[PDB]
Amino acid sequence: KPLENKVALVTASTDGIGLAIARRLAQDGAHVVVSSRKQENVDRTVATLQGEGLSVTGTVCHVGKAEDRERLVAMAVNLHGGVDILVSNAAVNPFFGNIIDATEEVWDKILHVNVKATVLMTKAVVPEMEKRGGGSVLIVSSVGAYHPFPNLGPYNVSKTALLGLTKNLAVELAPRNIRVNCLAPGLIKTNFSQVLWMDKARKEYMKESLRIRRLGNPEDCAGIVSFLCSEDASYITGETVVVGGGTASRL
């Protein structure tokens, strides 16, 4: 079990990619603390994963709120004695249309949850990882960071920013033995992406436009994340891995 005795936080982990990641980390031996905004979602997720015999607890954490971030870390520290792994997976996107039409308020919300919360969550775990001799951070971006989704401009820009955040954190935290990498999913079937593939007609347009044979599933993302969070990836930092089924990204 590659993550035996490790303690992982996964934000936004009560559905979709975050849940698949949390499940896999726990299957690979970690103690996982799951979280999201709504208590009912946390409760259901914890119950499901505990029912699979996994070492999982959970609490509400809206990543945009400082007190919630601090309480999430405190929970891991108090139940398990520290934190080894952070998977930062939360995102918001309250906008669709031409980028130039997005309001200042839309930009503030997207930049706060998608970019600032990521770095502030990382700041919250770093001192705990230092106590453990190091750790791993994985940030969830998007292939739209490289090749933008039509009509998702502000979101896409926040995801490009995360590419840069990954690189800067990896350089700046290397002296602390903390690795920082990034997952850039393609079109993965989830509630957050659902509108893009709800109609069979829109789904088939997406597949032709993205040049993919199938849509991804949340579990298509879980293996690479578990691997990157493991000591077997000790010479991998500052790296983005695209999980996009062949859709274009970068050289």
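Start at 1 and count along the sequence shown; that's the residue number.
Mean CA B-factor, 76 to 84 versus 108 to 116: the higher value falls on 76 to 84.
Of the two stretches examined, 166 to 174 and 121 to 129, the record assigns the greater average C-alpha temperature factor to 121 to 129. Highest C-alpha temperature factor among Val195, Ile224, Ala26, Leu187, as the PDB entry reports it: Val195. Of the candidates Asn191, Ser35, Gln50, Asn217, the one whose C-alpha carries the top B factor in the deposited record is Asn191.
For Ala8, the recorded CA B-factor ranks within the lowest third of the chain. Only modelled residues enter the ranking.
Annotation for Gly134: CA B-factor lies in the middle third of the chain's modelled residues. Sorting the modelled residues of the chain by their CA temperature factor places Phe95 in the highest third. Among the modelled residues of its chain, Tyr146 has a C-alpha B-factor that falls in the middle third according to the deposited record.
Compared with the other modelled residues of the chain, the Cα B-factor recorded for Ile212 ranks in the highest third.
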